[PDB]
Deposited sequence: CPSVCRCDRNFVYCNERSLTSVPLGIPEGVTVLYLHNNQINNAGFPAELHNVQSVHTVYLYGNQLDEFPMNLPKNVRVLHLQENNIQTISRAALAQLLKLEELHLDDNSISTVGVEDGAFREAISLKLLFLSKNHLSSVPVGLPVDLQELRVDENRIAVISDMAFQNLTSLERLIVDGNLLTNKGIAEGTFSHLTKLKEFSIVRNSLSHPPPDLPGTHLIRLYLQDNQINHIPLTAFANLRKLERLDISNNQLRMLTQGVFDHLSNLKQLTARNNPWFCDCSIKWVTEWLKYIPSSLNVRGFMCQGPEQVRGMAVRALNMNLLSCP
């Protein structure tokens, strides 16, 4: 055990000690390693730290790191690297942590150029990757096959390549919300091969319509909130039969095309709040759909914003003005 750093019940507590580098005196049989809330630099990691095989959980949050740390313990499953100033992600560093299952790179200055081509792909055991609040311009191409959750929210992402989600059949959750993403930015059939995907979130983005060619093999939740969606195509919600929760709130939708929720048989909840719904003969089907829909479906937000004669009233309570 180190001189300044304390150890209790096979847990190393180096946290809140203002350490410039990771200490040398790390015992052979330690469970969890705490090195958070310090001033540890990128060149403060000894080669002997990688030799320790007993450690599976390492905390390194709120440090002075600039790159992804090297010589980290070989058999680490959960790794926390949030609140620091990481900019560069190296292919060699992630090749060391072969048993890495969970990774947190939140609140950092990570860019597309900083991430080396196929750096994350090296981490073969990677199931959970949290790239929240970074300066990333696009989704990296070299991603792990065994990935189950990709949270790349609150970034500067505008484009998504067709090769970015290559071989990722095991991915269940994809959170790409709070980005500069557009429908032209996303490649044709980029999400199509995500068979095991259960949840999809793209809130606070600039999409003119929902993403085309989405798989409904295991998709349950679809979030299209706070977007610039003006229209929804007839084939968009089609082939998504297993969907339960849907959200189209806070968009620029004027009306909905007849037979859009026709294929959604397992639907349970729908939200369309803060949308400029123009109540005319275009929403006649919406009124009839809401009248015959079972109580199992929770539909909210269908209110008239125009014209003034219909304004304020709910679409479900309407009667028509036209044939």
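- In sequence order, the one gap in C-alpha coverage of the deposited chain falls at 321 to 323.
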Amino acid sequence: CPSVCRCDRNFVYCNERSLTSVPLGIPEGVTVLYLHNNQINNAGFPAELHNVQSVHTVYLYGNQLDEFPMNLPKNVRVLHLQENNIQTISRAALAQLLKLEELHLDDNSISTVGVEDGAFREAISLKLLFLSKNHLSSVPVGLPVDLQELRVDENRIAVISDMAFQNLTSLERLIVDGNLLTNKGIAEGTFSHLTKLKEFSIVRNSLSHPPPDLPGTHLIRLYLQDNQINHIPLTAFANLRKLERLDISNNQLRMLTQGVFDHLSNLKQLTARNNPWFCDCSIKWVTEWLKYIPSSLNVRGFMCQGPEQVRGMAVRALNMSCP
From here on, numbers count along this sequence of modelled residues.
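- When 288 to 296 is weighed against 64 to 72, 288 to 296 comes out higher, by mean CA B-factor as recorded in the entry.
- Relative to its counterpart among 165 to 173 and 95 to 103, 165 to 173 has the higher mean temperature factor, C-alpha atoms as listed in the PDB entry.
- Each of 206, 225, 239, 155 has a CA temperature factor in the record; the biggest one is found at 239.
- Among the modelled residues of the chain, residue 254 sits in the lowest third by CA temperature factor in this PDB entry.
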